[PDB]
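**Q** just to be clear, this is only the beginning of the complex, oriented as in the whole thing:
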Amino acid sequence: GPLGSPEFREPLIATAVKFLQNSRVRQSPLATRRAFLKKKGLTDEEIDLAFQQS
């Protein structure tokens, strides 16, 4: 968010990448994968970046 720092967002993005590459996760619909990352507190941009990197 607007008052946060990259240091604390970067591990969430990194985990999200590993999440999106995981064989269990990949069996769920794209929207469900995105909703899961949203419930993890990731911003729309962070989710989009995770998908790019995955």
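**A** Now that the structure is in, tell me what you want to look at. Residues are numbered from 1 along each chain as shown, chains lettered A, B, ... in the order given.
**Q** buried ones in whichever strand or helix holds residue A:7?
**A** Using DSSP states H and E, the element containing residue A:7 is helix A:6-21. Of the residues in helix A:6-21, A:9, A:12-13, A:16-17, A:19-20 count as buried by neighbour count, 16 or more other Cβ atoms under 10 Å. (C-beta placed from N, C-alpha, C; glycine too.)
**Q** could these be laid out in TSV, adding distance to residue A:52?
**A** What follows is these, written out as TSV (distance: Cβ to Cβ, whole Å):
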residue	distance to residue A:52
A:9	15
A:12	15
A:13	10
A:16	11
A:17	9
A:19	14
A:20	10
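**Q** kindly indicate which of those lies nearest residue A:30.
**A** Distance ranking of those against residue A:30, using Cβ to Cβ, places residue A:20 first at 9.8 Å.
**Q** measure the closest one to residue A:3 for me?
**A** With distances taken as Cβ to Cβ, to the nearest Å, residue A:20 is found 26 Å from residue A:3.
**Q** let's put chain B on the structure above:
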Amino acid sequence: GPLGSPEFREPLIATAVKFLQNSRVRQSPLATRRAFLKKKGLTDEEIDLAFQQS
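**A** Take a look at chain B, now in place beside the chains above:
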């Protein structure tokens, strides 16, 4: 937060541990360190765990 999976919260807690171990950070008042982590999106439960592991 409570809805987060350990897969995502543990790496964040790990990041908070590194934060709390930092020499400059340790110079700041306790309340300031906790509040900094709160504005990063950690809950008191997660901050307590960070301190526990620090």
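**Q** the buried residues of helix A:6-21 again, this time with chain B added?
**A** Neighbour-count burial for helix A:6-21 flags A:8-9, A:11-13, A:15-17, A:19-20 (criterion: 16 or more other Cβ atoms under 10 Å in any protein chain shown).
**Q** what do you get for stretch A:28-39?
**A** A:33-34, A:36-37.
**Q** near chain B, which residues of chain A show up?
**A** A:1, A:3-5, A:7-8, A:11-12, A:14-16, A:19, A:39-41 (Cβ under 8 Å from any Cβ of the partner chain).
**Q** hmm, 10 Å instead?
**A** Contact residues (Cβ under 10 Å from any Cβ of the partner chain) of chain A with chain B: A:1, A:3-5, A:7-12, A:14-16, A:18-19, A:22, A:36-37, A:39-42.
**Q** quick test: name the residue nearest the centre of chain A.
**A** residue A:16 (3.6 Å; Cα atoms, centre = their mean).
**Q** what sits against that residue?
**A** Contact partners of residue A:16, counting by Cβ atoms under 10 Å, 6 or more residues apart in numbering or on different chains, are A:33, A:36-37, A:40, A:42, A:46-47, A:49-51, A:53-54, B:7-8.
**Q** count of neighbours near residue A:50?
**A** Using other Cβ atoms under 10 Å in any protein chain shown, residue A:50 has 23 neighbouring residues.
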